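Notes follow the structure.
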Protein chains: 4
Amino acid sequence: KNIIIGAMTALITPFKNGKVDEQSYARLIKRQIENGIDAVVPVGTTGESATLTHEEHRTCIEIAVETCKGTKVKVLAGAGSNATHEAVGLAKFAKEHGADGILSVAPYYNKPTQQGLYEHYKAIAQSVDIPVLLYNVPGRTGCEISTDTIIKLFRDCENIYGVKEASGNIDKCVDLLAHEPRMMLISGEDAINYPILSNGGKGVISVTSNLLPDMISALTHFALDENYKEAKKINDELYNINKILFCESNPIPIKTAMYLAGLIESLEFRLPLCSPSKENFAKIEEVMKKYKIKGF
Amino acid sequence: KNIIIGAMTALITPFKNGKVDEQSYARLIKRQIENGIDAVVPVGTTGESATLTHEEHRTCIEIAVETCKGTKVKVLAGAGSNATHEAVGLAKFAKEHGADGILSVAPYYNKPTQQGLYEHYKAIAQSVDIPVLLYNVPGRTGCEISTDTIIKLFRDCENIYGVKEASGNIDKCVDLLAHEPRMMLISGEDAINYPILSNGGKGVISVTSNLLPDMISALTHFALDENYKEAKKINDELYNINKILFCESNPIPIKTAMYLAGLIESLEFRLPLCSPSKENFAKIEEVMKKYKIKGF
Amino acid sequence: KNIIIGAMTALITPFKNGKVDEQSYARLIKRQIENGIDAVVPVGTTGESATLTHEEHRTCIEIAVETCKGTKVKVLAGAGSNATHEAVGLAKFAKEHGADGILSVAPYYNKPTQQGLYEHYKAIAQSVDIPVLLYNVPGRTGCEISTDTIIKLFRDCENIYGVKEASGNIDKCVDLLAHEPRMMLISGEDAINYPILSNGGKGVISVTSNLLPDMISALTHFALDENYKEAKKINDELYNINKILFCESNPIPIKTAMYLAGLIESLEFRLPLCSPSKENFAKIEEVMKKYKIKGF
Amino acid sequence: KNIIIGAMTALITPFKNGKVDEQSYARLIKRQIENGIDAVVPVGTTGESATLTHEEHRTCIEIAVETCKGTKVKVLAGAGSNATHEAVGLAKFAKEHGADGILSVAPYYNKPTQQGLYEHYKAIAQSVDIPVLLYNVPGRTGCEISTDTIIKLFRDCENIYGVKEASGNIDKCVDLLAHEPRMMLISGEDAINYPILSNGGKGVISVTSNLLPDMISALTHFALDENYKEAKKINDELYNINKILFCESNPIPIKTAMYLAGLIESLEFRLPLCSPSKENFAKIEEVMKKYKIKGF
Ligand SMILES: [Mg+2]
Ligand SMILES: [Mg+2]
């Protein structure tokens, strides 16, 4: 199987006057490259995929593909939907724009069954010949991809190589890698990055890395080189910022943090997302001062 | 306030050869009309809104509007999205073909805050001047519209007149009606239709009514006439079918039941939704034979 | 079946200098009788059963039995345990001390299976010849008595006549009374007292009634007389006090309220229970402001 | 600080004709000793503490203390209660009988507040001068000891040295050891033994070790030697039996497994505990066939 692993960032999408700040989007991708990030994830959950146009969707994949060209950095483009046929289209259209692989979230809202999840992802995997990483986040989608379906999809479709897990369930990550140790388990939860890596996980798709890419990069590579002492210490050091980046719904805190560090120009979201409360604004701000933030 | 209340049906969308069976859609809406239904809800969750194209969206709202012209039955069109920009368009689009009001689901997947939910629905309500009913289903959206947000939207925007509750939280339904008794609480959960109505609820948007429109209509009208003994008696009789219609995700069981009753032509869904397992097929069929299913 | 229904109070156990204030216990029971209460529950969860000794247990049952002599009030004494041999013993000794019936909590901590719960309660029911009311409170016991187990126990032993439901699950209360309408469903959750009664429940075992016995008495009796309008109106009115009486774990807030109203002399608990935070203390005092508390 | 860490077993309590099989109890404890276990836990949750008398409570501590004399193995006796006055008494009662330390479960059923939990454990710690290990299992107790309360108790009372976590929350296990790395995190959940140990946990209190003590000992000692690959491989091999030992509530499956392996005499529990169904009997019987079960 062809895989995309290592330290990866779920890129935020900066807005300027209600439109995508394309120059800041690319400058932020270059900040990730120069800090040891192995892949960038355009238009993921942290990138506000839900409120971007299909043409803004296309614009930020191209920026990501172009900025990492000539580098070892891959583009795992967000290309998922709760309609399988739309998800198939977005997968084929992400490939046509140079993405090295796709992150495809479990169908949200309409709660498909395990049989439906299998056929949904099976249809996507047969749509393109580039790696496909599953994305399980039941707290946001309202459904769960069971361990059996993940393993079945991994074994039955050749380009499906792993799962991004955001479930706060270390038992499931033991279940997954004990029955199928060949899959690529990816942490989708910054606070528990190290435990997932220490059990055989092979990468991270991080929110914190938007603000602290060097620290997330060091964490993952220490772990992949089995230096768990150094990996655990950065994971322990990052716990406060890892939790405070979820005082409100992602990506509200991380975008607030990037604005407070001066890495984006305006703290703009697209509704129904909005700026945080003024206590969480202040309580994000008080935590950032104990972490050291690299510039451009 | 302008309102749409009473016994309402979240219409299934029958598919035949992968397209919307327009004749059966009309046929079914007239079947609802002739069994005491007060309003129909096209392209709700039970109508597989997520997998229909906008043009399909338009066809079933128009079919519903035309089938109920000249009758008492109202059309509460599904018009919601996890992007406000999109939800405003779908609301206007709905008004545009004669829908009497819109049911607008809480933004799914992207988990807006209470502040974002307020601005989301405030933007929708000021976009149209037809009634807007909120739709809270945290198990599917991953978010909850708090009682404070519901009540504020009810008081701050004149066309927002109530909420369709599908949260299995009778505590919230006393909380809602105790602090704002002028709002229209609508049950989106068939098993507890009577308890919600007995506490002052003014209607249901039902899945079961697709199969047993006469029984659900009678239940609601029994309750609205304060004949709670007869309203509770219909509710108790319906518990078995009300629960078995959720052995798998809605609308998989109800469409199976409609197909087994000979009310639609093929048991077709759009992925990621699919046919049920063979015992839930058997378990839907073995509970269906205990009820009297009205024909055309 | 012999039954104990109507408005019932889970009596708090007042402490003074680490001892049970037997005279203040008798004065709270008298105040319950004179405000329309149909039965009192000594040494329930609200009575701090876990921290009372066996004479205390016996002292408050005898005081309750003697204080309600010459009145219609009945005594449903708490006599349960997560060890079946102790639960049987406490049941037999509750009968020997003049209790009209027993409230038996679902075994806590050790999570018995449905088969174990059946045999547990079957041994209790065969140990005494007084009515037995089951008590399901999964948030505190860690286990749930399923509807089938409750219904099986109701049908197999004459003295098991119903269940005190404290699960915030109006669906389960439809499940129970739809399949076995001869059982006595009793509300163990003040905020949803009216919905449980409106669905055929025949009484409450209340926490708020300690502070506002007349209002809980009026609510319960209005419902049993099918004056649902009046019953919901007291329910809606008490919603604020019903919820804040659980800002901390029961009976911490209710004892704070009784102390703030001057109905007990000292705000004492037995560890691990203690008095609440001073913000919740201040916050309990602020909801009491709109209620009229009866004296002695 | 004095600590009790390493591979530890939550001993089952065998019954024959309704009473504790004292001769088999000693023969199971030495079987644990001869397979590399570092400490045994008499009358814990797996030992059916709730249904043992205080004379069997004293009988099973003395056998454990006496059977491990002249050996390395320590005795961490279960001595807890939801009444602080009983927990203090049982702690002094465990020390006087030769226990090397006490495991004290969070108060069950009566849901103490965080401040009440603090004073509860603070009172216990001053009663004895032997190590105290906190025991958090919210699914059984109905309460959670927060990270702040655990860290406060560890720092304020000299003999409180760590916690036995059974909450399936690896995030909490990062939270605990990142803010207080001197505490002893002990796994109370066999399936996630390795992830908890790899994050700095220093031992397990296991259910599976009753049946496979050598494998749990090797797992813990491989991990404590920072040979995490061999620890992860034993953890992965054990996942199936670790899960099947919870098909029903512990200790129903482990005692069934011990009975099927011929290590105990009778499949007897004390009510409300009971024998499992014939599924779970068959599913325990079929998962055991992949492991090698050491004899006497
Ligand atoms: Mg997220
Ligand atoms: Mg346990």
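We did not get these values from a lab; they are worked out from the coordinates using the rules stated. Positions of Cβ are backbone-derived with ideal geometry, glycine not excepted, and every protein chain shown enters the neighbour counts.
Observations, loosely collected:
- Per-region count, region C:240-250, residues farther than 20 Å from C:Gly295 by Cα and aliphatic (A, V, I, L, M): 1
- Candidate set from region C:251-278 (those that are among the polar types (S, T, N, Q) and farther than 20 Å from C:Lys290 by Cβ); member that is surrounded by the most Cβ atoms within 10 Å (Cβ to Cβ): C:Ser275
- Restricting region A:41-79 to residues that are part of a loop (DSSP other than H, G, I, E, B), more than 15 Å from ligand 1 (Cβ to nearest atom) and away from chain B (no Cβ under 12 Å) leaves a set whose member that is surrounded by the fewest Cβ atoms within 10 Å (Cβ to Cβ) is A:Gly70.
- The lone exception for C:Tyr25 - which of (1) away from chain D (no Cβ under 14 Å); (2) in contact with a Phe, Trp or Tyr (Cβ under 9 Å, 6 or more places away or on another chain) it fails: (2)
- A single entry from A:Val88, A:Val132 fulfils the requirement of being in contact with a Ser or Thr (Cβ under 8 Å, 6 or more places away or on another chain) and within 21 Å of B:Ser81 (Cα to Cα): A:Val88.
- Figure legend. Inter-residue proximity from region A:206-220: first residues within 20 Å of A:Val43 (Cα to Cα) and away from chain D (no Cβ under 14 Å), second residues away from ligand 2 (no atom under 16 Å from the Cβ) and among the acidic types (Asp, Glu), beta-carbon distance below 7 Å, spacing 6+ or different chains. Indicated pairs: A:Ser206/A:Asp190; A:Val207/A:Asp190.
- Of all residues in region D:80-97, those satisfying the criterion of being part of a loop (DSSP other than H, G, I, E, B) and within 16 Å of D:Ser127 (Cβ to Cβ) are D:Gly80, D:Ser81, D:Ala83, D:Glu96, D:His97.
- Hits in region A:270-287 (condition: touching a helix residue (DSSP H, G or I) at 6+ places or on another chain (Cβ under 6 Å) and over 27 Å from B:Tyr108 (Cβ atoms)): A:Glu285, A:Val287
- The combined condition, being surrounded by fewer than 19 Cβ atoms within 10 Å (Cβ to Cβ), over 28 Å from B:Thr46 (Cα atoms) and more than 16 Å from ligand 1 (Cβ to nearest atom), is not fulfilled by A:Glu86.
- Condition check for A:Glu96: within 11 Å of chain B (Cβ to nearest Cβ), acidic (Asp, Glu) and either away from ligand 1 (no atom under 16 Å from the Cβ) or touching a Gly at 6+ places or on another chain (Cβ under 8 Å) (or both): no
- As a summary of the residue check, D:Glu226 satisfies the conditions (1) within 12 Å of another protein chain (Cβ to nearest Cβ); (2) among the acidic types (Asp, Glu); (3) surrounded by fewer than 20 Cβ atoms within 10 Å (Cβ to Cβ); (4) within 22 Å of the chain's Cα centre (by Cα) except for the one numbered (4).
- Residue ID - nearest to the chain's Cα centre (by Cα), chosen from residues in region D:126-158 that are in a strand (DSSP E or B) and within 15 Å of ligand 2 (Cβ to nearest atom): D:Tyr135
- For region D:155-194, filtered to residues that are surrounded by 21 or more Cβ atoms within 10 Å (Cβ to Cβ) and either aromatic (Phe, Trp, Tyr) or more than 28 Å from D:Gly47 (Cα to Cα) (or both), the residue that is nearest to the other protein chains (Cβ to nearest Cβ) is D:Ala178.
- Within region A:164-247, helices (runs of 4 or more DSSP H) holding 3 or more residues that are closer than 23 Å to D:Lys243 by Cα and away from ligand 1 (no atom under 16 Å from the Cβ): A:170-179, A:193-198
- Neighbours by Cβ (under 8 Å, 6+ apart or cross-chain): first from region D:120-142, more than 8 Å from chain C (Cβ to nearest Cβ) and closer than 11 Å to D:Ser167 by Cα; second away from ligand 1 (no atom under 16 Å from the Cβ) and part of a helix (DSSP H, G or I): D:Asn136/D:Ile150
- Which numbered condition A:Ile284 fails, given (1) among the aliphatic types (A, V, I, L, M); (2) farther than 30 Å from B:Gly89 by Cβ; (3) free of Cβ contacts under 8 Å to residues at least 40 places away in the same chain: (3)
- The set of residues from region D:193-219 being β-branched (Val, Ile, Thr) and under 14 Å from the mean Cα position of the chain (by Cα) comprises D:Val204, D:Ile205, D:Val207, D:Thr208, D:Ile216.
- Among the residues of region C:257-281, those that are assigned to a helix (DSSP H, G or I) and in contact (Cβ under 8 Å) with a residue 40 or more places away in the chain comprise C:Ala257, C:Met258.
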